[PDB]
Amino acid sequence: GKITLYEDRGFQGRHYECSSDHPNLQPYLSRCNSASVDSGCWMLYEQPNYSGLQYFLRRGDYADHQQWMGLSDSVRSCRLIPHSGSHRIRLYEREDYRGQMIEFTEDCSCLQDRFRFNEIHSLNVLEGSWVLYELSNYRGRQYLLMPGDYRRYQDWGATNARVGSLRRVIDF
């Protein structure tokens, strides 16, 4: 992976280049208003050490922070999301993997059309990395999901169990 982050809109300003996870961009960028992803799938973080609001970026050029649904120009850490060769996630109605369950291996732009629950209370990421979105059509707050067990919604760093869309992390 390779990403170049720019302090200013339109690929202007001081810039910094990453080819791996960086938990602290603060010494190098004071802000981030544009970015170019040469390769790989990236998660940008509002705060240092992969915390605060999260934003998914793929190969492409982003001329302003709105193009990645950024609420601000604050980007203080970033992660290169590992390649995965397959994707499978299970969502559950209730915590600790109880209640109704649905299993996806592909993207879903509207969860409520497949699984009539506004909220997901636990989920099992069997394969691959995914991005949960609060709202349908890949809008709202984003949560990166790596393989593993998520017995409650706090486990994926959300303040609520709302989920409206879900996307596989795939690098073109």
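From 1 onward, residues are counted along the sequence shown.
Which has higher Cα B-factors on average according to the PDB entry: 33-41 or 113-121?
So the stretch with the higher mean C-alpha B-factor is 113-121.
From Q142, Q47, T105, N137, which pick has the Cα B-factor that tops the rest in the entry?
Top of the list by C-alpha B-factor: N137.
Sorting the chain's modelled residues by C-alpha B-factor, tell me whether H22 ends up in the lowest, middle or highest third.
Lowest third - that is where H22 ends up once the chain's C-alpha B-factors are sorted.
How does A63 rank on Cα B-factor within its chain, lowest, middle or highest third?
Lowest third, going by the recorded CA B-factors of the chain.
Considering only modelled residues of the same chain, in which third does the CA B-factor of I3 rank: lowest, middle or highest?
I3: CA B-factor falls in the lowest third of its chain.
Name the third of the chain's ranked CA B-factors that contains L80, choosing lowest, middle or highest.
Its C-alpha B-factor belongs to the middle third of this chain's values.
Classify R90 as lowest, middle or highest third according to the C-alpha B-factor given in the PDB entry, relative to its own chain.
Bottom third by C-alpha B-factor.
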